[PDB]
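**Student:** Per our numbering: the sequence shown = residues 7 to 162.
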Amino acid sequence: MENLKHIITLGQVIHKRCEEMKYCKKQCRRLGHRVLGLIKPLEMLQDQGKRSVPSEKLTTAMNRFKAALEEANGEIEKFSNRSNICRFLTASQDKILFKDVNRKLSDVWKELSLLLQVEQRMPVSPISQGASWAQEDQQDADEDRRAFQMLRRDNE
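Okay, here's the thing in structure tokens:
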């Protein structure tokens, strides 16, 4: 459907433009990991034929997801300068670029996968669930923000 297709479009574009980040590699890979694991299932469901009957839950679910991906799109478009990333990073108390934004991706996905497997009966989770993603961003962006500032590893 329309709003769902906007999530899919945002997703593929997000992954694509995110791959310009030579700094914040693991957060670029983690954003890519999530986004691809999100869009591909719902694409294959849209492909086989997604039933035209969006409940209050399904409307809000696709709107929350779209909006979350709209945030992610705006962030990488703003992170088109890696020097700009470092400018906010050296002041950023959290060690995650997409802390807020990608937290929305985590929440709306876990809630999606729930309402899907319960009422739609559709057990879409080619990854885990989406709740454990709090630990994912924690450890991986801890390492990668540290790997931004202390990047001597990829220097001979």
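The beta carbon of each residue, even a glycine, is placed where N, CA and C say it ideally should be.
When DSSP labels each residue in this structure, what does residue 53 get in the three-state scheme?
**Tutor:** In this structure, residue 53 counts as helix in the three-state DSSP scheme.
**Student:** For the alpha helix (DSSP H) holding residue 90, just list the boundary residues, first then last.
**Tutor:** Segment 88-95, the alpha helix (DSSP H) holding residue 90.
**Student:** Starting from the N-terminal side, write out each stretch of the alpha helix (DSSP H) that is 4 residues or longer and does not extend beyond the segment 7-79.
**Tutor:** Runs found: 8-24 and 31-54.
**Student:** Under 8 Å, with one C-beta from each stretch per pair, do the segment 97-116 and the segment 37-56 reach the 3-pair mark?
**Tutor:** With the cut-off at 8 Å, the segment 97-116 and the segment 37-56 touch.
**Student:** Can you tell me whether residue 157 is helix, strand or coil according to DSSP?
**Tutor:** Looking at residue 157 - three-state DSSP - the assignment turns out to be coil, as it is neither helix nor strand.
**Student:** Kindly provide the ranges of any alpha helix (DSSP H) runs that are 4 or more residues long and lie completely inside the segment 93-144, ordered along the chain.
**Tutor:** The segment 93-144 contains these whole alpha helix (DSSP H) runs: 105-121.
**Student:** Looking only at C-alpha atoms, which of 94, 138 and 124 sits nearest to residue 30?
**Tutor:** Out of 94, 138 and 124, 94 has the C-alpha closest to the C-alpha of residue 30.
**Student:** Any contact between the segment 71-80 and the segment 110-120? By contact I mean 3 or more CB pairs, one from each, below 8 Å.
**Tutor:** Segments in contact, yes.
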